[PDB]
Undergrad: 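Here it is, the structure in full.
Keep in mind that the numbers below use all heavy atoms, side chains included, and drop hydrogens, waters and symmetry copies. All residue numbers in this chain count up from 1 along the given sequence.
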Amino acid sequence: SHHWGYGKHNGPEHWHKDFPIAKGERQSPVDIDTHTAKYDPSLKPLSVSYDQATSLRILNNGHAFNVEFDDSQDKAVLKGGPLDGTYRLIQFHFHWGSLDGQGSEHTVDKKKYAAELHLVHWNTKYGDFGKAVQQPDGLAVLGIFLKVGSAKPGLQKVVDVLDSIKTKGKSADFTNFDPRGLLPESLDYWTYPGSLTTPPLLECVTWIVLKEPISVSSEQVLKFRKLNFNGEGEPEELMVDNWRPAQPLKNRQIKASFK
Ligand SMILES: C=CC[Se]c1ccc(S(N)(=O)=O)cc1
Ligand SMILES: C=CC[Se]c1ccc(S(N)(=O)=O)cc1
Ligand SMILES: [Zn+2]
């Protein structure tokens with residue numbers, strides 16, 4: 001069974017033994033060298049269409065928490081930019097640190113942010129998520145950096161439910177949440193071909209990483225850090241530092257949407 005995690009004994013340096021693609025040619029995350037990334041005029045406009053997003057539930061899966069959506073129809077979709085066709089929102093989750101100076105997966109000129117939000121979408125030409133992850137263009141992940149400063153009002157409904165999903169396997173109703181409240185003002189982004197950042201590490205993702213971070217409060221991120229990796233009644237292991245480090249860029253170029 002799967003026993004990977006984020007500790008010294010089962011963390012990112014161990015993953016390759018059960019998931020050999022860990023050492024592949026298009027792994028994520030990566031460092032974004034801002035000086036080397038080039039404006040690409042071939043990028044069509046990005047279209048984030050979350051008006052009809054239908055959230056359902058929040059789950060602690062023992063690695064992060066997922067806010068899950070109804071993806072049985074095209075209720076919330078991502079299109080445009082580097083993408084061909086229509087990608088359906090399935091869930092979002094975060095990666096974060098034990099302290100504010102680490103937590104993001106992607107880095108920007110080697111700078112680590114306090115956390116990173118991943119809005120996960122699957123290409124509807126493949127019919128279901130499980131089929132999509134087996135294709136090089138199956139998923140689109142919209143990544144958004146979090147810095148600590150002023151509170152993010154649209155994040156607070158998430159923060160407030162976390163005490164009800166402390167431990168692995170716990171879930172709670174999470175209807176009527178609007179994920180548009182987690183975006184920054186600007187949709188300027190970087191994009192490159194990569195992978196899932198957890199096992200199974202499949203090389204199925206078009207990454208779209210927004211340049212502008214969102215600001216969250218220290219109090220908000222401190223609440224993330226009270227979650228547990230463990231299940232109920234087990235010795236407490238705080239859910240912190242659930243991020244994979246940057247991986248080799250290899251034969252890839254990061255493109256910018258902006259001049
Ligand atoms: C107590 C020692 C760890 Se058991 C173990 C460790 C790592 C993995 S892996 N290759 O899936 O990350 C799988 C199983
Ligand atoms: C079979 C797939 C596992 Se579900 C999943 C979705 C997204 C990510 S991430 N961190 O790359 O956005 C990681 C894992
Ligand atoms: Zn993620």
Undergrad: Do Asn60 side-chain atoms and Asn228 backbone N/O form a donor-acceptor pair below 3.5 Å?
TA: yes
Undergrad: Counting distance only, does the side-chain N/O of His14 pair as donor-acceptor with the main-chain N or O of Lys8 below 3.5 Å?
TA: yes
Undergrad: Is there side-chain contact between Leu119 and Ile144, with at least one heavy-atom pair below 4.5 Å?
TA: yes
Undergrad: Does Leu83 share a hydrophobic cluster with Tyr126, counting links as ILVMFWY side-chain heavy atoms below 4.5 Å and allowing steps through other members?
TA: no
Undergrad: Rounded to the nearest 0.5 Å, what's the gap from CG on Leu59 to NZ on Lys168? Could you check?
TA: 10.5 Å
Undergrad: Is any side-chain heavy atom of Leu162 closer than 4.5 Å to a side-chain heavy atom of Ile58?
TA: yes
Undergrad: Give a yes or no on whether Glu234 atom CD has more than 12 heavy-atom contacts from other residues, nucleotides or ligands under 6.0 Å away.
TA: yes
Undergrad: Which hydrophobic side chains are connected to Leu99, either touching it within the sub-4.5 Å cutoff or through other members that do?
TA: none
Undergrad: Are the side chains of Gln134 and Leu202 in contact, using a 4.5 Å heavy-atom criterion?
TA: no
Undergrad: So, for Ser55 and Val67, which heavy atoms are closest and what is the spacing to 0.1 Å?
TA: CB-CG1, 4.4 Å
Undergrad: Using a 3.5 Å cut-off and no angle test, enumerate the donor-acceptor pairs between side-chain atoms of residues 205-215 and protein atoms at least two apart in sequence or in another chain.
TA:
unit_1: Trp207; atom_1: NE1; unit_2: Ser28; atom_2: OG; d: 3.1
unit_1: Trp207; atom_1: NE1; unit_2: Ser195; atom_2: O; d: 2.9
unit_1: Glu212; atom_1: OE1; unit_2: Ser186; atom_2: N; d: 3.0

Undergrad: Has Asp109 got more than 12 heavy atoms of other residues, nucleotides or ligands less than 6.0 Å from its CG?
TA: yes
Undergrad: Applying salt bridge (charged side-chain N to carboxylate O under 4.0 Å, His left out), run through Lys44 and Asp84 and close with a yes or a no.
TA: CA-CA 10 Å; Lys44 300 301 203 292; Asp84 283 342; over 6 Å; no
Undergrad: Assess the residue pair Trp243 and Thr197 against the criterion (side-chain contact (heavy atoms from CB on, under 4.5 Å)); give the C-alpha distance rounded to whole Å, side-chain angles, the decisive distance to 0.1 Å, and a yes or no.
TA: CA-CA 8 Å; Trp243 52 274; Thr197 69; over 6 Å; no
Undergrad: Does anything in residues 240-252 form a salt bridge (charged side-chain N to carboxylate O under 4.0 Å, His left out)? List the pairs, not counting sequence neighbours.
TA: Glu25-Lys250
Undergrad: Which atom names give the shortest non-hydrogen contact between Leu139 and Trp122, and what distance separates them?
TA: CD2-CB, 3.6 Å
Undergrad: Tell me whether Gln27 contacts the main-chain N or O of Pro248 through its side chain, where contact means a donor paired with an acceptor under 3.5 Å.
TA: no
Undergrad: With a cut-off of 6.0 Å (strictly less than), are more than 12 heavy atoms of other residues, nucleotides or ligands near NZ of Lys223?
TA: no
Undergrad: Identify, with sequence neighbours excluded, every residue that meets salt bridge (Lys or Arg N to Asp or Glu O under 4.0 Å) alongside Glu203.
TA: none
Undergrad: Do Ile254 and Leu249 touch side chain to side chain, with heavy atoms closer than 4.5 Å?
TA: yes
Undergrad: With the side chain counted from C-beta on, respond yes when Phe174 and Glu68 share a heavy-atom pair under 4.5 Å apart, and no when they do not.
TA: no
Undergrad: What closest approach, in Å, do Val240 and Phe229 show between heavy atoms, and which atom pair accounts for it?
TA: O-CZ, 3.5 Å
Undergrad: If only atom types and distance count, is the side chain of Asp160 paired as donor or acceptor with the main-chain N or O of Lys157 below 3.5 Å?
TA: no
Undergrad: Of all the heavy-atom pairs spanning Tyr192 and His106, show the shortest one and how long it is.
TA: OH-NE2, 2.7 Å
Undergrad: Measure the acute angle between the ring planes of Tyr6 and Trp15, then classify it against the limits of 30° and 60° as parallel, tilted or perpendicular.
TA: perpendicular
Undergrad: Under 4.5 Å between side-chain heavy atoms, counting indirect links through other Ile/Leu/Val/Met/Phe/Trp/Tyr residues: same cluster for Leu146 and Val161 or not?
TA: yes
Undergrad: Please report the closest heavy-atom contact between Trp96 and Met239, naming both atoms and the distance.
TA: NE1-O, 2.8 Å
Undergrad: Is there a side-chain contact between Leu182 and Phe177 in this structure, where contact means two heavy atoms from C-beta onward sitting under 4.5 Å apart?
TA: yes
Undergrad: Do side-chain atoms of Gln220 reach the backbone of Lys152 as a donor and acceptor pair under 3.5 angstrom?
TA: yes
Undergrad: Under 4.5 Å between any side-chain heavy atoms of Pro136 and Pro193, yes or no?
TA: no
Undergrad: Judged by atom type as modelled, is there a donor-acceptor pair below 3.5 Å linking the side chain of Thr54 to the main-chain atoms of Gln52?
TA: yes
Undergrad: Relative to the ring of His93, is the ring of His118 parallel (under 30°), tilted (30 to 60°) or perpendicular (over 60°)?
TA: perpendicular
Undergrad: Looking at every non-hydrogen atom in both residues, tell me the closest pair between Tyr189 and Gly81 and how far apart they are.
TA: OH-CA, 3.2 Å
Undergrad: Mind checking the OG1-NZ spacing from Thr124 to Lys79? Nearest 0.5 Å is all I need.
TA: 7.5 Å
Undergrad: Should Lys170 and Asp163 count as an ion pair when the cut-off is N to O under 4.0 Å?
TA: no
Undergrad: Checking one residue: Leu56. Which other hydrophobic residues are in its cluster under the side-chain 4.5 Å linking rule?
TA: none
Undergrad: I'd like to know if the side chain of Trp4 pairs up with that of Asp18 as donor and acceptor (distance under 3.5 Å, no hydrogens or angles considered).
TA: no
Undergrad: With the 4.5 Å side-chain cut-off for hydrophobic clustering, are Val77 and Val133 part of the same group?
TA: no
Undergrad: Under the side-chain contact (heavy atoms from CB on, under 4.5 Å) criterion, do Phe258 and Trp190 qualify, and how do the steps go?
TA: CA-CA 9 Å; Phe258 56 85; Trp190 297 284; 3.6 Å; yes
Undergrad: Considering residues, nucleotides and ligands other than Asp128, do more than 12 of their heavy atoms fall under 6.0 Å from its CG?
TA: yes
Undergrad: Pick out which of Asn123, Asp74, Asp70 makes a side chain to side chain donor-acceptor pair (under 3.5 Å) with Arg88.
TA: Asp74
Undergrad: To the nearest 0.5 Å, tell me how far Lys166 NZ sits from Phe65 CZ.
TA: 16.0 Å
Undergrad: With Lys111, which residues qualify under side-chain contact (heavy atoms from CB on, under 4.5 Å), at least two apart?
TA: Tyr113
Undergrad: So, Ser104 and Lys112: side-chain donor and acceptor under 3.5 Å apart, yes or no?
TA: no
